[PDB]
Amino acid sequence: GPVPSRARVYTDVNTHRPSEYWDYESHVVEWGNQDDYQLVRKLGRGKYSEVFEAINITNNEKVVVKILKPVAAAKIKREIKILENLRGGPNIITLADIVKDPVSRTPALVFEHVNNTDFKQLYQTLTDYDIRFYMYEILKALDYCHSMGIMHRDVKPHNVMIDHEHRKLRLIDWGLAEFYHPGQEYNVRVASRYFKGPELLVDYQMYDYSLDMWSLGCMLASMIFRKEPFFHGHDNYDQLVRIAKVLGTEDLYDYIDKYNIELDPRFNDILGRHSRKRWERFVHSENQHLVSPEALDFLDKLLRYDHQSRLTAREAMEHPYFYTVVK
Ligand SMILES: Nc1ncnc2c1ncn2[C@@H]1O[C@H](COP(=O)(O)OP(=O)(O)OP(=O)(O)O)[C@@H](O)[C@H]1O
């Protein structure tokens, strides 16, 4: 069957920590007082929660309340434990409190409020310097959570909040995040379609932190080339075809061969044969101001089929693309 794989960094972080760190099921939630929070307005509703802007009336500060849906109790405890483990980490959203909602009778996560700039506005206006600056800020968050034995698994534009005024970034929505345990087989039905790593698309379950680096590469490609999303699949199958049209089918088949993966036969009639396109093929007069040889070399090293061959977050932070960013 498939050949096993393990992360090339932070492999045994969870083995060397007490069981309390990663055994989220045995975690006892410390409950705050729901009366401290007054809901102001509904911000949205996803598949697992309803999100509200609120005020913490004990300090008159703005907060965000995520009222969880009454499903998957283990999922709730996993997110809480991950948020708690990462609290205070660079560019990680701060979990301020956990309260029992009086209406839903489910847990409600209270986060620090980020006065975030519109996502469309962010994509349309970031300069070359700001893409490098913000990419470096995302890498601080990823290296931290990976160093803490956690993979985010849902890295995408909507989960990266930027307060462009204070040049502040926060990585949010840790509801799909997981503890990395070498040898563990994970659910491939994670991340959003356009940001899914080839490991997910070919149904390779023994993946690791490097899935987040593929997602980050998809963001980078969309930002530097002004193509939202960069890999625009009609569904999860066409998603791999879109990748193959850029990276080529030869390296895809080498990746499937190496890990001894049984590719879904439905790909036989749609993958075709494609050669890698040189990154300069995607450069045009409307995006040339965001492209440099350093941007292309950095992107090239993130968007690789073989998850073991991608730059880790720390290696990515050493890249020449970031030499111009003030540190
Ligand atoms: N800490 C926070 N500070 C400010 N706004 C937040 C915070 N956490 C979440 N939000 C905002 O609350 C809303 C949550 O609603 P929702 O999850 O449905 O939107 P979304 O970003 O389109 O999600 P997705 O695209 O992942 O499905 C979003 O507009 C999000 O930007």
Side-chain angles (χ1 to χ4, degrees), residues 32 36-56 59-69 71-72 75-76 79-80 82-84 86-99 101 104 106-126 134 137-138 141 144-145 151-178 187 189-197 200 211-212 215-216 218-219 222-223 228-233 236 239:
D36 288 349
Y37 310 100
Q38 267 205 61
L39 303 181
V40 175
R41 67 186 168 105
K42 196 200 289 217
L43 299 180
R45 193 153 77 209
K47 290 187 172 178
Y48 295 96
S49 68
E50 196 159 38
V51 183
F52 294 85
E53 188 184 292
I55 292 278
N56 181 341
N59 63 6
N60 293 356
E61 294 194 302
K62 299 201 177 88
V63 293
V64 163
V65 178
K66 182 174 178 178
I67 306 175
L68 306 174
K69 285 191 209 282
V71 266
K75 191 184 169 99
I76 295 163
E79 183 174 356
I80 292 170
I82 284 170
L83 285 168
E84 284 188 4
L86 303 177
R87 191 156 50 204
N91 302 332
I92 306 302
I93 199 68
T94 297
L95 176 66
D97 217 342
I98 304 148
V99 303
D101 182 78
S104 69
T106 68
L109 303 182
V110 184
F111 300 96
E112 84 184 273
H113 177 272
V114 172
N115 174 23
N116 77 290
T117 312
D118 194 312
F119 289 112
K120 304 292 116 206
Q121 188 158 33
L122 288 169
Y123 164 86
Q124 300 294 351
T125 194
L126 294 177
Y134 288 124
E137 293 301 307
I138 299 163
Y144 188 70
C145 72
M151 53 194 156
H152 182 283
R153 308 196 303 175
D154 198 22
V155 175
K156 61 176 182 187
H158 280 184
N159 289 345
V160 185
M161 297 285 137
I162 296 171
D163 176 356
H164 201 28
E165 252 192 286
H166 303 102
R167 301 192 61 81
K168 194 175 108 290
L169 183 147
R170 294 300 181 260
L171 180 59
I172 67 154
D173 200 348
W174 298 80
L176 290 182
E178 200 35 291
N187 197 334
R189 296 182 91 185
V190 299
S192 291
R193 187 197 308 147
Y194 309 138
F195 298 92
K196 285 178 189 287
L200 311 181
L211 175 71
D212 287 340
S215 301
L216 188 65
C218 289
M219 289 185 60
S222 177
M223 283 306 292
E228 214 190 59
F230 188 70
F231 298 119
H232 196 200
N236 296 342
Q239 186 65 26

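All residue numbers in this chain count up from 1 along the given sequence. In listed order, ligands and their atoms are each counted from 1.
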Side chain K196, main chain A191, donor-acceptor under 3.5 Å: yes
Rounded at 0.5 Å granularity, tell me how far OH in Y123 sits from CD in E228. 5.0 Å
What atoms in ligand 1 come closer than 4.0 Å to a heavy atom of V51? 12 (O), 14 (C)
Selection from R45, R170, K47 by shortest heavy-atom distance to atom 16 (P) of ligand 1: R45
Check for a donor-acceptor pair, side chain of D101 on one end and backbone N or O of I67 on the other, with a separation under 3.5 Å. no
Just let me know how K156 lines up against ligand 1, side chain, backbone, both or neither, with a heavy-atom cut-off below 4.0 Å. side chain
For ligand 1 and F111, I'd like to know whether there is a polar contact (N/O to N/O, distance under 3.5 Å). no
With atom 23 (O) of ligand 1 as the reference point, say which of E112, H158, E53, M161 has the nearest heavy atom. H158
I need the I76 CD1 to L68 CG distance, nearest 0.5 Å. 5.0 Å
Parallel, tilted or perpendicular: which describes the rings of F119 and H158, with under 30° parallel and over 60° perpendicular? tilted
Closer than 4.0 Å and a protein heavy atom, does any atom meet both conditions relative to atom 3 (N) of ligand 1? yes
Side chains of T94 and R87: closer than 4.5 Å at any heavy-atom pair? yes
Looking at atom 21 (O) of ligand 1, would you say a protein heavy atom lies below 4.0 Å from it? yes
Non-neighbouring partners of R167 that pass side-chain hydrogen bond (donor to acceptor under 3.5 Å, both in side chains), sequence neighbours left out: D130
Please name all residues satisfying side-chain contact (heavy atoms from CB on, under 4.5 Å) with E50, sequence neighbours left out, ordered by chain then number. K42, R45, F52
Looking only at heavy atoms, what is the nearest atom pair of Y194 and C218, with distance? O-SG, 3.8 Å
For atom 11 (C) of ligand 1, the closest protein heavy atom turns out to be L43 CD1, 4.4 Å
Check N115 against ligand 1 and report side chain, backbone, both or neither, counting heavy atoms closer than 4.0 Å. neither
Passing option when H164 is tested against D118, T117, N116, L169 for side-chain contact (heavy atoms from CB on, under 4.5 Å): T117
Distance from atom 6 (C) of ligand 1 to nearest protein heavy atom, with residue and atom: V64 CG2, 4.0 Å
Quick one: does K66 get a heavy atom under 4.0 Å from ligand 1? no
Can you tell me which residue and heavy atom of the protein come closest to atom 15 (O) of ligand 1, and the distance to 0.1 Å? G44 CA, 3.4 Å
Does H113, backbone or side chain, put an N or O under 3.5 Å from an N or O of ligand 1? no
Nearest neighbour in protein (non-hydrogen) for atom 9 (C) of ligand 1: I172 CD1, 4.0 Å
What atoms of ligand 1 come within less than 4.0 Å of a heavy atom belonging to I93? 1 (N)
